[PDB]
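Form deposited in one PDB entry, single chain, as structure tokens, below.
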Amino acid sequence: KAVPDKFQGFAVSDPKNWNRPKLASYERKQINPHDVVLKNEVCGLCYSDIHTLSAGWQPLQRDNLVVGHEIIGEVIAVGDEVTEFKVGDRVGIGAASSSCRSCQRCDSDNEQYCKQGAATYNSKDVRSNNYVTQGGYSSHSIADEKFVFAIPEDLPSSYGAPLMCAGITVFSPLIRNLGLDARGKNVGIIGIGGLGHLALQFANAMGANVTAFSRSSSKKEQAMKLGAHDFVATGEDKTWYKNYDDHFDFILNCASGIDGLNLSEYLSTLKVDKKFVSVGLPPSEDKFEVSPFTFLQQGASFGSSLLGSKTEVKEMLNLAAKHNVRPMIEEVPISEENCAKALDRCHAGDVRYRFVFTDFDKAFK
């Protein structure tokens, strides 16, 4: 076989050592007819890697677990039923890897919402020997065909990797709630991190009037460069909603704190029958209180959004290359000392705006 029986990746097993992963060797996942095998070249650092490594939402489902789900690599092998990719193709893998392939979500462009699906890391894929999936801090990654995305040749590897998760996580609710042509529509982006910095460019490229939201004005100058048309410092202008009455056609909360948030203020600026969508929030199960009076005077709604569809990924890469929508990244050659450096900085938000791991040929044998 052209695929080794063991992969190499930077992994942890004790959640106390979430920030200091060590190199480990683990057996591969079984390759089913609809699976694609990659040789990883780059893998962006998503914040949900820190969510899962520290076991803040759910414990670790395996020992020597490799995270990272912003993968871009080269196909070295495919299943006997794969028809969209051949050996040598440059493709990418997001935060999900397996699906039902027989439900209704998979047939109606919603495979990322399939109840029997498996994530890229820390997930038991019942279709593959109930293997706890391994992420992209690895030498190689395996995924189903509908979660493998073809990379255009004009989009470089190190810059298309953050789009495999962070990009699609903010693009999916934008196109679904604003339409691909968002001209004449006012959109709102809360929090300018790895998710927010990409949402501003995509919303701007779609033609919407973008408003960047944060507590301070520390990121005002940088958000205006990223495509925001105005800025609001929710900590400095505490009564900012007075100048935004009946304005926003949609508001996207990009992983901003759902502890110090004031939904009453953001909802007071929505149009009628609009929605407030939160992405990148940690998947915790403690129920919060909800009242209908919070959305009454605007007909508004509150909801979540996870990942996107494969057809949305294609339209995202098409729009990203058409409008030159690239994420600001900090390249970091993958290594035991380098992963601990970026994870320590990414947890504190000390990045502008996405850590991308490179030079996989130098780290793994």
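If you superpose the two forms and keep the largest set of C-alpha atoms that fall within 1.5 Å, you have the rigid core. Each residue number is its position in the shown sequence, starting from 1.
Quick note: we don't show the form deposited in another entry, though the next part is all about it.
**Q** Align on the core first; then indicate which of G79, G179, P283, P156 has a CA shift of 2 angstroms or more between this form and the one not shown.
**A** Flagged residue: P283.
**Q** Superposing on the rigid core, I want to see if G88 changes position between this form and the one not shown - specifically a Cα shift of 2 Å or more.
**A** No: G88 shifts by under 2 Å between this form and the one not shown.
**Q** Does the distance between the two CA positions of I258 reach 2 Å or more between this form and the one not shown, the core being superposed?
**A** Yes, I258 moves 2 Å or more.
**Q** Do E285 and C346 move together or apart in that other deposited form, judged by C-alpha distance changing 3 Å or more?
**A** Closer: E285 and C346 approach by 3 Å or more in that other deposited form.
**Q** Are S256 and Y121 closer or farther apart at the Cα level in that other deposited form than shown, by 3 Å or more?
**A** Closer together, by at least 3 Å.
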